[PDB]
Amino acid sequence: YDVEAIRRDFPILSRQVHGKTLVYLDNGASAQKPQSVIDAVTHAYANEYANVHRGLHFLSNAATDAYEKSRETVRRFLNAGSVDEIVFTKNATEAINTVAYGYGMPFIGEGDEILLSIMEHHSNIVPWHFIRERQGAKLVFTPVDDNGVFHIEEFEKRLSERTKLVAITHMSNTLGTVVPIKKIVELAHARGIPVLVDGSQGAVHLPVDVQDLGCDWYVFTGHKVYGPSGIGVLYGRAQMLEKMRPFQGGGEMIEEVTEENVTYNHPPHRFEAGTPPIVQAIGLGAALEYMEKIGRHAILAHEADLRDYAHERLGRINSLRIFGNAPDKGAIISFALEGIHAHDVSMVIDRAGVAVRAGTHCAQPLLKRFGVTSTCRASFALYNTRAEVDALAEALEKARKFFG
Amino acid sequence: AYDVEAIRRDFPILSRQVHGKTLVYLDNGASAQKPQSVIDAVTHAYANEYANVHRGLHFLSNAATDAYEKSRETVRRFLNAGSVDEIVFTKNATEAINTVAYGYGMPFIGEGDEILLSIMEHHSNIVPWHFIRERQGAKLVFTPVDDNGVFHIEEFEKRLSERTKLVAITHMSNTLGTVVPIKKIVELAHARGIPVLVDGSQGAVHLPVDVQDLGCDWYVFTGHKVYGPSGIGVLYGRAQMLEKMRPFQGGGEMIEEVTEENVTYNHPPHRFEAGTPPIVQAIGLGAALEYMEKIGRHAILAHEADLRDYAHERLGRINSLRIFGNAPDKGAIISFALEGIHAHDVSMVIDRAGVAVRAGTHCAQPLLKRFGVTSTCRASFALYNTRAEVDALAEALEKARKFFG
Ligand SMILES: [Cl-]
Ligand SMILES: [Cl-]
C-alpha cells in the first residue's frame, strides 16, 4: 500500500489552510477527488459534450457512450446483475426518495410498519416519515447497544406481519458500525418483505456485492466515493424496480405522451426524468475505477489500520470518549471531550489545519439515544495516513489543555 | 460590436473536428457547450476548494459554502428575483417542475380541478401535472397555438375558469421557438387568484428574464442549456408560494428537528434541497451566467435574432422544406422537415458533413401531433453560432435532399 503515491493523485491534499498543512478528516461528509476524476470531468465538457438521448450526431453519440459506460462501471462496482438495475440520481437522498415515493407510497398504508435502525441518517428516515405523516404508517427503530454493536436478534424481534419494508444502513455514518445486511435480507425475504440498504458510507468503506447481499435496493452517493457532486445511484432488483410507479415525471421516462394520457418507460429510464447528471456520471465512473485500481481490499486493510491506530492514540487522551466501538467498524470516529463543546474543539483544531466536523451529522435520534446533542467526527479515507492520526491526536490533546 | 469570433475562442470544443470534418453544433436546445471559465470554475472547485456545504466550521467547508451561496446570488441577480431565499437548486428543470407539482399541486389540486397548459409544453411540463390527473382526478387543459406557431392571449383567456387551480406554461417553445406573453398571462391568472408556473428552460437561454416584472409564482430553468454544468437546475418561487408548499424530497438539510416520533421542516429554500446538493455544478452555473452577462443579454438577443432571420431566408429557399413555427419574435430554434424524407435520415446524413441537429419528438409529442407529424429535425442556435454555420446547415440540407430524392 503506497499511500504517498496515492496522495500524489489528489491535488488538494498538498494545499495549505491558515498557512498550515491540510489534514482533511471530514471524508464522511464529502471526499476529495483524484486527478483522473477531474480530468474526466474536464475532458467531457471540453471535448465530448452533448445531451444523451443517443442522438444521431457525433457528440451526442460520444456522450451517450461515455454515460452508458459509467452505468456499466457502477454495475461492476456493485456487482449488480444488469446495467438496467442501475438508476442515476442527484444524490443518495434522492435515490431513497425514489423508492419511498415509487414503492412505499402505493404499497404502505395505515398501520403498516417501516423498520429502520436507530443509526439512520436523516435521508433514510424523512422519506419514510412522509408515509407515516401522509398515510398513517408507523416507523419502528431497531436499537444498538452502548458499544455501538448491532444485534440481529433485536432486528428479528421487531419484524411482524405488519412490516412492509425494511430500510437500514450498511455502515453508520457516526459509529462506523457495519450492519449484517445479508443476514437481515435473509430474515426479511423469508417473510416477503423488501429491504432497502443505505450504502452512502458502506460503498466507500466496504466491498459491496448486491447479489450476495440480496437486497432489493442499494443506494450510494458519488461525492463520498471520491467522485463528482451532483450524482447518486439507486440499485434495484429488476422485479422491484418494475413494480414501482414513476417518481419524477417528464422527458425521457415516457413511452407515449398525448393530451389525454401518458404511458411510461421501463426501468431504469422510468426513473430518470429529464437531462441526467451526464458529466457527473462520467466523473463517477472514473472515481470508481480509481478505487478499483488501488484495490478494494487493500483499501479496507489500510482503513482498518487507521481505525485501530486512531482508537489506540485517542484512547490515550484523558477525557475523551468514542461513540461506537464495534470490532468490524469503518474508519469513522465520533468523539467528545468531557466538558468541552464539539464546536469549540472543531473550530480550534481547524486552526492547526485539522478538518473534522461537529454537530448532528444528520443523525439526531442516534445522538439523543446516546445522550448528546453534538459530537466531533473524524472520518478517514484511502489517502489518509497514520501521521494524520497523530496530528489529530496532538491537536485534540492541545485543545483539551486550551479549554481546560 | 458583437465579436462572435472572439466569443467562439472561449469555447474549446468548437474548434474540434468530427468525422475529420469541421464541427457545426446546432443542437443547443438539447444542451449547450461550455465556455472555458465554466470549466475552469468546476476544475478549481474540485482541485482546490472542495468540501460539503452545511457551512462547516473548517476552512474548506467554509470556502465551498461561500462559493455555493455566491452562485445562489448570481442566479438571483440573473433572474432579478427579490431575494436569494426564492432560489432553489435542483438536479434539472424537470425536477424543479416536479417540486412544484408534488409540493403545491398535489395538496391543492383535486377531482375536477383544472390545470391549464399550452400545446407547446415539453414533456417535463406535462407529466408532473398528469400525475395529479391520474392519481387525484384533475383535468388537463391545453391552450392552442395557430398554424404559424403564434400564441393568442384571447385563446388562453377563454380556457380560464372557476375550476382552474394552476397554470403551467412555457416561456419559449423548444420546437417552434414561439415566445409566450407571460406577463399578460400572469396578470389574467392572478386576477382570478390562480398561480402560474413558467417553464423557462429555453426562455432563460434566449431572452432577458425579470421574474418580478413577469410576476410569475414560479420560474424554472436548466443549467446545461445556459452554457453551464450538467446536474444543475433552478426553481424560482415567490417566497409566499414556496412557503405554502409541503416538502418534496425528504432528508438531511431540509429538516429542523428529527425525532423517532416526528419530523419538522426547514423553511424555503432549504426545505426543498434534500441531501448534498450539486455543489460544484451550482458554482459552475454561476460562472456560466456571468459569462452571459459579460457578453450582454441584449447583444445576444440581437445576434440570435439575426441568425434566426438569416436561417429562415436561407432554408426558405430550399424547395421541399417546411419550417414549423414562424412567430415574428421567436427564438432561434428552427424545427423543419423535408417532404418525403425521414428526419432520422436527414440528421444522420448531415452529421457526416459535420452538422449536428436533432431528429425526433423533442420531448413534445402532443405538439407534433397537433402539427401533423411524428418527427422533425431541429437546428437550435446559440450565442457562439454564426451565419457561416447557417450556410453550412443550408448547403448540407440541400445535399441531403438530392441524396434521398
Ligand atoms: Cl455543542
Ligand atoms: Cl422519422
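Residues numbered from 1 in each chain as written, not as in the entry; some residues may be left out. Chains lettered and ligands numbered in written order. Heavy atoms only, no water. Residues with missing side-chain atoms left out of burial classes, pairs and counts.

### Focus: the overall build of chain B
Along the backbone of chain B there are 15 helices and 17 strands. Taking 405 residues into account, the globule formula puts the C-alpha radius of gyration at 22 Å, and chain B, at 22 Å, falls close to it. Each principal axis of the C-alpha atoms in chain B carries an extent, and together these give about 70 × 55 × 35 Å. (Helix = DSSP H or I, 4+ residues; strand = E, 2+ residues; numbered from the N terminus. Rg over C-alpha atoms; globule rule 2.2 N^0.38 Å.)

### Overview of the overall build of chain A
Across its full length, chain A holds 15 helices and 17 strands. In terms of overall dimensions, chain A is globule-like: its C-alpha atoms have a radius of gyration of 22 Å, near the 22 Å expected for 404 residues. Reported as C-alpha extents along the three principal axes, the dimensions of chain A are approximately 70 × 55 × 35 Å.

### Some details on the interface of chain B and chain A
Taken together, the contacts link 90 residues of chain B with 89 residues of chain A. The biggest single contributor to the side of chain B that touches chain A is helix α5 (residues 127-136) of chain B, with 7 residues. Split into classes, the residues belonging to the side of chain B that touches chain A amount to 41 nonpolar, 32 polar and 17 charged. (Contact = heavy atoms within 4.5 Å. Nonpolar A, V, L, I, M, F, W, Y, C, P; charged D, E, K, R; others polar.)

### Overview of the packing of helix α2 (residues 35-47) of chain A against helix α2 (residues 36-48) of chain B
Interhelical geometry of α2 of chain A versus α2 of chain B gives an angle of 175° and a closest axis separation of 10 Å. Classified by the interaxial angle, the pair formed by α2 of chain A and α2 of chain B is roughly antiparallel. In this structure, α2 of chain A uses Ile38, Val41, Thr42, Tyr45 and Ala46 of chain A to contact α2 of chain B, whose residues at the interface are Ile39, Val42, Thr43, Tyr46 and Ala47 of chain B. Here the contact of α2 of chain A with α2 of chain B is composed, by residue class, of 8 nonpolar, 2 polar and no charged. (Axes fitted to C-alpha atoms, helices over the stretch in contact; angles between N-to-C directions. Parallel < 35°, antiparallel > 145°, perpendicular 65-115°, else oblique.)

### Let's talk about the domain arrangement of chain B
Size of an interface, as often reported, equals the accessible area lost when the parts are brought together. Residues and elements named next belong to chain B. As assigned here, chain B comprises domain 1 (1-28 + 296-405) and domain 2 (35-295). Once you take the C-alpha centre of each, domain 1 and domain 2 turn out to be 28 Å apart. Facing the 36 residues of domain 1 at the interface are 35 residues of domain 2. Between domain 1 and domain 2 lies a buried interface of about 3,100 Å² when both sides are counted; carbon and sulfur atoms form 58% of it. Among the residues of domain 1 in contact with domain 2, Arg297, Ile333 and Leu367 are the three that bury the most area, contributing 22% of the side total. (Domains from an automatic or database assignment. Buried area = accessible area lost by both parts, 1.4 Å probe.)

### Looking at the domain arrangement of chain A
All names here are of chain A. Along its sequence, chain A is carved into domain 1 (1-27 + 295-404) and domain 2 (34-294). Distance between the C-alpha centres of domain 1 and domain 2: 28 Å. With 36 residues of domain 1 at the contact, the number on the domain 2 side is 35 residues. The set of elements that each furnish at least two residues to the side of domain 1 that touches domain 2 consists of α12 (296-315), β14 (332-337) and α14 (364-369). Here the side of domain 1 that touches domain 2 is composed, by residue class, of 21 nonpolar, 8 polar and 7 charged.

### Observations concerning the sheet that holds strand β5 (residues 114-118) of chain B
Residues and elements named next belong to chain B. The 7 strands are arranged β4-β10-β9-β8-β7-β5-β6 in an open sheet whose pairing can be described as mixed. The two strands at the open ends of the sheet, each matched to only one other strand, are β4 (87-90) and β6 (139-143). Averaged over neighbouring strand pairs, the angle between their axes works out to 20° when direction is ignored. Where β5 lies against β6, 5 bridges are found, and the strand directions are parallel. Bridge pairing in β6 places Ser118 opposite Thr143. (Pairing = 2+ DSSP bridges.)

### Section: the side chain of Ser380 of chain B
Residues and elements named next belong to chain B. With respect to the element layout, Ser380 can be found in strand β17 (residues 376-380). On the accessibility criterion, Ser380 (1% relative accessible area) is buried. Engagement of the side chain of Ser380 in a polar contact is seen with the backbone nitrogen of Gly29, the distance being 2.7 Å. Leave out the neighbours within four places in its chain, and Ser380 touches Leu26, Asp27, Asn28, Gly29, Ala332, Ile333 and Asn385. (Buried < 20%, exposed > 50% of the residue type's maximum accessible area, 1.4 Å probe, protein only. Polar contact = N/O pair within 3.5 Å; in protein donor to acceptor, adjacent residues only side chain to side chain.)

### So, the pairing of strand β11 (residues 254-257) of chain A
Residue and element names in this part refer to chain A. Relative to strand β12 (residues 262-264), β11 is paired through 2 bridges, and the arrangement is antiparallel. Following the sheet pairing, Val257 is matched in β12 by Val262. Hairpin connection from β11 to β12: 4 residues lie between these consecutive antiparallel strands.

### Considerations on unusual backbone geometry
Going from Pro267 of chain A to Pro268 of chain A, the amide bond is cis rather than trans, its omega being 0°. As for its placement among the helices and strands, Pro268 of chain A is situated in the loop between β12 and α11 (278-294). Following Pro268 of chain B, the chain continues into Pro269 of chain B via a peptide bond in cis, with omega recorded as 5°. Within the element layout of this structure, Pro269 of chain B appears in the loop between β12 (263-265) and α11 (279-295). Phi at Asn79 of chain A is positive, roughly 60°, even though this residue is not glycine.

### Considering the sheet that holds strand β9 (residues 217-221) of chain A
Residue and element names in this part refer to chain A. A sheet is described by the order of its strands in space; here 7 strands give the open sequence β4-β10-β9-β8-β7-β5-β6, paired in mixed fashion. A strand with exactly one partner marks an edge of an open sheet, and here the two such strands are β4 (86-89) and β6 (138-142). Each strand axis lies, on average, 20° off the axis of its neighbour in the sheet, ignoring direction. Along the sheet face, helix α4 (residues 92-107) touches β4, β7 (163-169), β8 (195-198), β9 and β10 (232-236) and points at about 155° away from the line of β9.

### Re the packing of helix α3 (residues 59-79) of chain B against α11 of chain B
Residues and elements named next belong to chain B. Their axes nearest at 8 Å, the elements α3 and α11 cross at an angle of 40°. The pairing of α3 with α11 is recorded here as oblique in orientation. Read as a crossing pair, α3 and α11 show a hand that is left-handed. Each of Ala67, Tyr68, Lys70, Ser71, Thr74, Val75, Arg77 and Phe78 in α3 lies in contact with α11, whose residues at this interface are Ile279, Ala282, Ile283, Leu285, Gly286, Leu289, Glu290, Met292 and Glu293. (Left-handed = near helix turned anticlockwise from the far one by under 90°.)

### Regarding the pattern of salt bridges
Side chains that carry opposite charge are capable of pairing whenever their charged atoms lie near each other. All names here are of chain A. With the rule as written, the count across this model stands at 46 salt bridges over all chains. Linking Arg54 and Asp65 is a salt bridge whose minimum nitrogen-to-oxygen distance equals 3.1 Å. In this pair, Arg54 sits in the loop between α2 and α3 (58-78) while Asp65 sits in helix α3, placing the two residues 11 residues apart along the sequence. Among the ionic pairs, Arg313 bridges to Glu394, the shortest N-O distance being 3.6 Å. Highlighted residues: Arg313 in helix α12 and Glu394 in helix α15 (residues 386-403), separated in sequence by 81 residues. For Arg313, a relative accessible area of 23% gives the class partly exposed. (Salt bridge = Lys/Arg side-chain N within 4 Å of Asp/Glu carboxyl O.)

### Remarks on the nonpolar core
The biggest cluster of nonpolar side chains holds 233 residues, and the ones touching the most others in it are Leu78, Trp128 and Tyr218 of chain A together with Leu79, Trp129 and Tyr219 of chain B. Residues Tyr309, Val354, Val356 and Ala395 of chain A belong to the second largest nonpolar core, which totals 29 residues. (Core = buried A, V, L, I, M, F, W, Y, C linked by side-chain atoms within 4.5 Å.)

### Details of the packing of aromatic side chains
In the structure shown here, the tally under the stated rule is 32 aromatic pairs over all chains. Taking 6.3 Å as the distance between ring centres and 80° as the angle between the ring planes, the aromatic pair formed by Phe323 of chain A and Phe370 of chain A counts as edge-to-face. Note that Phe323 of chain A is positioned in strand β13 (residues 320-323) and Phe370 of chain A in the loop between α14 and β17 (375-379), a separation of 47 residues in sequence. Taken together, the ring pairs connect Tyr101, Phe130, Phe247 and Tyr264 of chain A together with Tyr102, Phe131, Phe248 and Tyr265 of chain B into an aromatic cluster. The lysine or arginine in question, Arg296 of chain A, covers the ring of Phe77 of chain A, its NZ or CZ lying 3.7 Å from the ring centre. (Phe/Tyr/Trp six-rings, centres within 6.5 Å; stacked < 30°, edge-to-face > 60°. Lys NZ or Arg CZ within 6 Å of the ring centre and 35° of its normal.)

### A few points about α5 of chain B
The buried fraction of α5 of chain B is high, at 7 of 10 residues. Listed as buried for α5 of chain B are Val127, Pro128, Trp129, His130, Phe131, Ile132 and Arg133 of chain B.

### Re α4 of chain A
Because an α-helix completes one turn every 3.6 residues, residues spaced three or four positions apart along the sequence face the same direction. All names here are of chain A. Its 16 residues place the ends of α4 22 Å apart at the C-alpha level, agreeing with the 22 Å of an ideal helix rising 1.5 Å per residue. At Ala100, α4 shows its strongest bend, of approximately 30°. Burial of α4 is extensive: 14 of the 16 residues sit out of reach of the surface. (Expected span 1.5 Å × (residues − 1). Bend = angle between axes of the 7 residues up to and from the residue.)

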